[PDB]
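Taken together, the values in this text are just the output of simple stated rules run on the coordinates, not laboratory data. Cβ sites come from the backbone with ideal geometry, for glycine too, and all protein chains shown count toward neighbours.
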Amino acid sequence: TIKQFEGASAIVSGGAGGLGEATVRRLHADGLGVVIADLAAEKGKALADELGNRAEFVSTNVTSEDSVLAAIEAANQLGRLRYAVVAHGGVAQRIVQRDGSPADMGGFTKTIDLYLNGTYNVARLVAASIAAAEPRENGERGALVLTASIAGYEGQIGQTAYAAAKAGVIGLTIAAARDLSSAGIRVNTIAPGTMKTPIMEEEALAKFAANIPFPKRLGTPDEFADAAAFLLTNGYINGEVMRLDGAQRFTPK
Amino acid sequence: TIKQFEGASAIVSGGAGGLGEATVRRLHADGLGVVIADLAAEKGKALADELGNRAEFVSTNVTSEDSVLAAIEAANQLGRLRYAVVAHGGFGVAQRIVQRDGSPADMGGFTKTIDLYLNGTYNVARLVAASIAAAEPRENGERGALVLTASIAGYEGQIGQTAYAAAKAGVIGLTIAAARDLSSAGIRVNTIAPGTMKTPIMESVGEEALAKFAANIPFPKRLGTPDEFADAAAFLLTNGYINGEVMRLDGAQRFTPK
Amino acid sequence: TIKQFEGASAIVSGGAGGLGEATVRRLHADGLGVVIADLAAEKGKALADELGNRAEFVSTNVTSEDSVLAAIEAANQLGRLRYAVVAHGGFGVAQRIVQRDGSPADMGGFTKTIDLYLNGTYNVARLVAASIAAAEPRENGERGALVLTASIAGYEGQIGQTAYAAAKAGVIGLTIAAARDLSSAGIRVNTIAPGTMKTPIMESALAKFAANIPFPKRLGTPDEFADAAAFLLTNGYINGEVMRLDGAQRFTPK
Amino acid sequence: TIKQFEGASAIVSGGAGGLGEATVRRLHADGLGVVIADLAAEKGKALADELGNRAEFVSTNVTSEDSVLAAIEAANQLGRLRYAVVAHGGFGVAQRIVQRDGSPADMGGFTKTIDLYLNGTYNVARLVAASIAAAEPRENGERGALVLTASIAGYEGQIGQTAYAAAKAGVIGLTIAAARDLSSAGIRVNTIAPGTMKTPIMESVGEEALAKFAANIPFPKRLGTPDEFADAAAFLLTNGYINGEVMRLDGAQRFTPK
Ligand SMILES: [Mg+2]
Ligand SMILES: [Mg+2]
Ligand SMILES: [Mg+2]
Ligand SMILES: [Mg+2]
Ligand SMILES: [Mg+2]
Ligand SMILES: [Mg+2]
Ligand SMILES: [Mg+2]
Ligand SMILES: [Mg+2]
């Protein structure tokens, strides 16, 4: 168990599959108690049961205060909650559709609610719990990793809602780091490119791969988890957005 | 009247005061019919009356489809709607993520800020873009142009202002995505990210705090004027090649944490 | 003549043709005395001759102090030098970091590109800024303003064009630093980062270029560049900013 | 020995001291053969001797092709050269673009800074990349990786430091271009942009002056350590999907004008 993680626990939103699952497995392997915070109950309990004692599934709706507070209470029974990775994941619509109609507002607000409001709701509640922990000798109480997307910098046709939500998370990063600096809680963000998430898991894989300089493939969940673990453990990285994208820059289509 | 604006109309959200008022005055002087889209009824009506028959006040809640659709119908009586400047202003909720007593920031305060500055911007943009997309293009292929308003808080958010920072960062990121979306319609989309600007709401902080703000600003060593904002907005509407861009308008200021 | 420009003069590097020429024409029409600072002598002189006695051509190598100083002297005979647009164009060396045959990029090619686009920009800026700093400020406190030219290659550099990407990114980063440095003199500094523009080389497969350009689906015009440069010179609050002028293009690798 | 580092070697420019030294020690600890490429011969030799037979000192001027080629030959006696961290630097004198007496900054000061930080970086990169491009790829297609060092000054350059800002911005912009250029060879290219770091230059800095830096750094409220830089470099060399990226390593600091 790595020194920073001694006595500690973590929450991973979207922890039952994909990028979140890989993050859970990495943090668990590195010695943290981990709460799998997700709505996918069969997958989440299977993962928690596989990993054993230091992994617990909690059915968690990221936009509900009471649901996230229950995840926090669960994490504080595995150790002192000091870390969180907000990795919850998940159709395109142009702002003016091909028939001339505007984008449906409901679709926009649902995307903002899940990816931006959900990220803030998890961050504020987890941060308030971490703020109450004893600092380590270096002054740090803990750290958060948020998940954006390079769509927040280079949003694509039909993806204005996702681009706006993920840009919101990108801009949140430095503001939250500044806010939480008095508590010694670092905040950083991973902006992935095109990742091999469950929906992606070999013909149409070449179409994405084609715009990706190197490696010429989708990024793996384990690569994401490695990035998240680095942001939790490096003591000077703060208020930063890390692009994790094989040097891809999104084209319009 | 400049060729771009002949026969055309524009909607300015937040048009009744501050940055929006200056934009209305500028676009009206440049030959556009203008709809002052605002909830400030007395100020808005007064401005519309002062400017005359090519300026109309429409009471507009930017988060309401019905209300924005009414502003669009009014604009289309003043010419063909080709332009909008989304300039509704004010502050976000002032609260730290973790507050002094250890409690978290109020989620309501955050979502209200996102609703007004991000969702409100998207709602105005989607409805106005749909109208403009139905217009005939000019010889150069362009049907119209939108200017959204962000803030440099979107890049350099401050302590206690995570809600505003998130909302304005959302607008910043929306810019290139919307420009890409609307490119098949020939509608340009750009955004102004103001620094600290001289508006009534800003000046409510009192002279001592304003003096502090002016000190962080390299040159000019003062708050930006509404007329400077209006001039940038007009430029984004008229220059034919600027698209998907965010323009910082800030006297070279970079926000410090506090 | 707009009041910002009354009694004032300007230098445009690369002014003989392309983006620079459109800029010279615009600034001259707006009432400034203009020096065309360029090495293309016949083209530059013909432009100065066409525009008349408020336009002068000075053969200028942007990396030579004495050469730029002579352009400044000429400018100060046409009015008080308050503005410059650094618009000297062309491409960098076209070469991969590691070439087809396994050999590294030629260092001379890289350094030539850096010298022309980055060192050349700084040399013009420092000398023009020194001159402008000695001018009397206007009532608003402003002595003058500079516009630098970068490229979106500085953000999204391309295969075979690392030299140009590095030089132009240097210009991008210089912008805020120079604005802060010159803030005490009341000299604003901003930069235009063009996308794919219809420069003289493009006068002679345009659709291949325009295919990655969202809207307008064409190359940017010199007049659109000049309009952006005029705005950066006249708007009183824009400072330390880089303006992308690219029809929403984002450069692909190739 | 880290799996990616099996049988491999690395060059670290500026490897004799400060950020480079910590990087040498971390890479060596992780199982790489390391070449300390630096002009500081006495420090460099002492470090190579302390670390043992998997560390070698080579006196290297980063702007000399033959000098850098000698470092690459040395690296290839220690393993297959697959990695480099370009962490060299130098002493700088502040100079404003227009000085107090009205004179312009000395061009020589600007070109020397560009030569060391930008040209020097490119010279090391092209020669190291050429050698790495000849190595057999791993099964994942990767031949190796480079880490360049910039500075947050390349985003937020400071008064009197225009030359350093321009040079470091050049390195920043080079990152994505070099990653694209080298993608067909399977050589990743990333960059660290440090904030204010505890390097030998800071050893004698006063308690008041340390407080001044700390007051602008949100958290941790102190200078970054060389080991923290080294840890970032090791991550960029090992993570298989990070490419063409600039990593700010700065305690959330944003540089103010002064
Ligand atoms: Mg998941
Ligand atoms: Mg279990
Ligand atoms: Mg208003
Ligand atoms: Mg009226
Ligand atoms: Mg030219
Ligand atoms: Mg003449
Ligand atoms: Mg060193
Ligand atoms: Mg040894």
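Cβ-Cβ distance below 8 Å, separation of 6 or more or different chains: which pairs start in segment B:54-72 with a residue that is within 11 Å of residue B:11 (Cβ to Cβ) and end on one that is within 16 Å of ligand 4 (Cβ to nearest atom) and acidic (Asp, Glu)?
B:60/B:38
State all residues of segment C:150-199 that are β-branched (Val, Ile, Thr) and over 23 Å from residue D:96 (Cβ atoms); if no residue qualifies, say none.
Selection gives C:152, C:159, C:162, C:192, C:196, C:199.
Filter segment D:172-201 for residues that are buried (at least 24 other Cβ atoms within 10 Å of the Cβ), within 15 Å of residue D:87 (Cβ to Cβ) and either within 16 Å of ligand 3 (Cβ to nearest atom) or among the basic types (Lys, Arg) (or both) and give the result.
none
How many of the residues in segment B:81-115 are surrounded by fewer than 19 Cβ atoms within 10 Å (Cβ to Cβ) and more than 7 Å from chain A (Cβ to nearest Cβ)?
Count: 12.
Among the residues of segment C:45-63 satisfying the criterion of being more than 16 Å from the chain's Cα centre (by Cα) and surrounded by 18 or more Cβ atoms within 10 Å (Cβ to Cβ), which is farthest from residue C:79 (Cα to Cα)?
My answer is C:47.
Name the pairs: first residue in segment B:15-30 and under 17 Å from residue B:197 (Cα atoms), second residue assigned to a loop (DSSP other than H, G, I, E, B) and acidic (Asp, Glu), Cβ to Cβ under 7 Å, at least 6 apart or on different chains?
Short answer, once both residue conditions are applied: none.
Can you pull out every residue in segment A:112-124 that is at the interface with chain B (Cβ under 7 Å from one of its Cβ atoms) and either under 11 Å from residue A:60 (Cβ atoms) or among the small types (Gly, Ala, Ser) (or both)?
A:121, A:123
Answer yes if at least one residue in segment A:207-215 is at the interface with another protein chain (Cβ under 10 Å from one of its Cβ atoms), of a type in the set (A, V, I, L, M, F, W, C) and closer than 24 Å to residue D:220 by Cα, and no otherwise.
The answer is no, given that none of the residues of segment A:207-215 is at the interface with another protein chain (Cβ under 10 Å from one of its Cβ atoms), of a type in the set (A, V, I, L, M, F, W, C) and closer than 24 Å to residue D:220 by Cα.
Scan segment C:13-31 and give yes if some residue there is closer than 23 Å to residue C:203 by Cα and basic (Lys, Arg), otherwise no.
Yes, segment C:13-31 contains a residue that is closer than 23 Å to residue C:203 by Cα and basic (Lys, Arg).
What is the residue count in segment B:200-258 for residues that are over 30 Å from residue B:181 (Cβ atoms), of a type in the set (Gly, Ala, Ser) and facing chain C (nearest Cβ under 9 Å)?
Result for segment B:200-258: 2.
Need a quick list: helices (runs of 4 or more DSSP H) entirely within segment D:1-84 having at least 3 residues that are out of contact with any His (no Cβ under 7 Å at 6 or more places or on another chain) and more than 30 Å from residue A:223 (Cα to Cα).
Fully inside segment D:1-84 and qualifying: D:41-51, D:65-78.
Which residue out of C:185, C:177, C:166 is at the interface with chain D (Cβ under 9 Å from one of its Cβ atoms), farther than 30 Å from residue C:141 by Cβ, crowded, with 16+ Cβ neighbours inside 10 Å and more than 16 Å from ligand 3 (Cβ to nearest atom)?
The unique qualifying residue is C:166.
Would you point out the residue of segment A:30-44, among those that are of a type in the set (A, V, I, L, M, F, W, C) and surrounded by fewer than 16 Cβ atoms within 10 Å (Cβ to Cβ), that is nearest to ligand 4 (Cβ to nearest atom)?
The qualifying residue nearest to ligand 4 (Cβ to nearest atom) is A:39.
Of the residues that make up segment B:160-171, is at least one over 28 Å from residue C:213 (Cα atoms) and either more than 10 Å from chain A (Cβ to nearest Cβ) or among the hydroxyl-bearing types (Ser, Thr, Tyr) (or both)?
Yes, there is a match, as at least one residue in segment B:160-171 is over 28 Å from residue C:213 (Cα atoms) and either more than 10 Å from chain A (Cβ to nearest Cβ) or among the hydroxyl-bearing types (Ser, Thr, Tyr) (or both).
Test residue A:85 against the stated conditions and say whether it is away from ligand 2 (no atom under 16 Å from the Cβ) and β-branched (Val, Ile, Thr).
yes
What number goes with the only condition from (1) surrounded by fewer than 24 Cβ atoms within 10 Å (Cβ to Cβ); (2) within 14 Å of chain D (Cβ to nearest Cβ); (3) within 16 Å of the chain's Cα centre (by Cα) that residue C:250 does not pass?
Answer for residue C:250: the failing condition is (3).
Could you tell me how many of the residues in segment A:1-19 are within 16 Å of ligand 2 (Cβ to nearest atom) and either farther than 27 Å from residue A:135 by Cβ or over 12 Å from the mean Cα position of the chain (by Cα) (or both)?
Counting residues in segment A:1-19 that are within 16 Å of ligand 2 (Cβ to nearest atom) and either farther than 27 Å from residue A:135 by Cβ or over 12 Å from the mean Cα position of the chain (by Cα) (or both) gives 3.
Looking at C:60, C:121, C:111, can you tell me which residue is of a type in the set (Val, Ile, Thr) and within 27 Å of residue D:188 (Cβ to Cβ)?
Sole residue among the options that is of a type in the set (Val, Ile, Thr) and within 27 Å of residue D:188 (Cβ to Cβ): C:111.
Within segment C:137-148, does at least one residue satisfy the condition of being of a type in the set (S, T, N, Q) and buried (at least 19 other Cβ atoms within 10 Å of the Cβ)?
no
Only residues that are in contact with a helix residue (DSSP H, G or I) (Cβ under 8 Å, 6 or more places away or on another chain) and either away from chain D (no Cβ under 14 Å) or within 16 Å of ligand 2 (Cβ to nearest atom) (or both): list them for segment A:188-199, please.
The answer is A:198, and nothing else.
Do any helices (runs of 4 or more DSSP H) lying entirely in segment B:199-258 carry at least 2 residues that are under 14 Å from the mean Cα position of the chain (by Cα), and which ones are they?
Correct list: B:226-238.
Out of segment C:188-234, which residues are of a type in the set (D, E, K, R) and either surrounded by 19 or more Cβ atoms within 10 Å (Cβ to Cβ) or touching a strand residue (DSSP E or B) at 6+ places or on another chain (Cβ under 9 Å) (or both)?
Scanning segment C:188-234 gives C:188, C:198, C:224, C:227.
When the residues of segment D:220-258 are narrowed to those that are polar (S, T, N, Q) and closer than 27 Å to residue D:209 by Cα, which ends up surrounded by the fewest Cβ atoms within 10 Å (Cβ to Cβ)?
Checking each candidate, the answer is D:256.
Scan D:51, D:27, D:81 and give me the residue that is farther than 29 Å from residue C:111 by Cα, touching a strand residue (DSSP E or B) at 6+ places or on another chain (Cβ under 6 Å) and hydrophobic (A, V, I, L, M, F, W, C).
D:27
Which pairs have Cβ atoms under 6 Å, sit 6 or more apart or on different chains, and link a residue in segment A:44-62 that is within 26 Å of residue A:113 (Cβ to Cβ) to one that is among the hydrophobic types (A, V, I, L, M, F, W, C) and within 16 Å of ligand 5 (Cβ to nearest atom)?
none
Could you please let me know if residue B:90 is more than 22 Å from residue B:185 (Cβ to Cβ) and in contact with a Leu (Cβ under 9 Å, 6 or more places away or on another chain)?
Against the criterion (more than 22 Å from residue B:185 (Cβ to Cβ) and in contact with a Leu (Cβ under 9 Å, 6 or more places away or on another chain)), residue B:90 qualifies.
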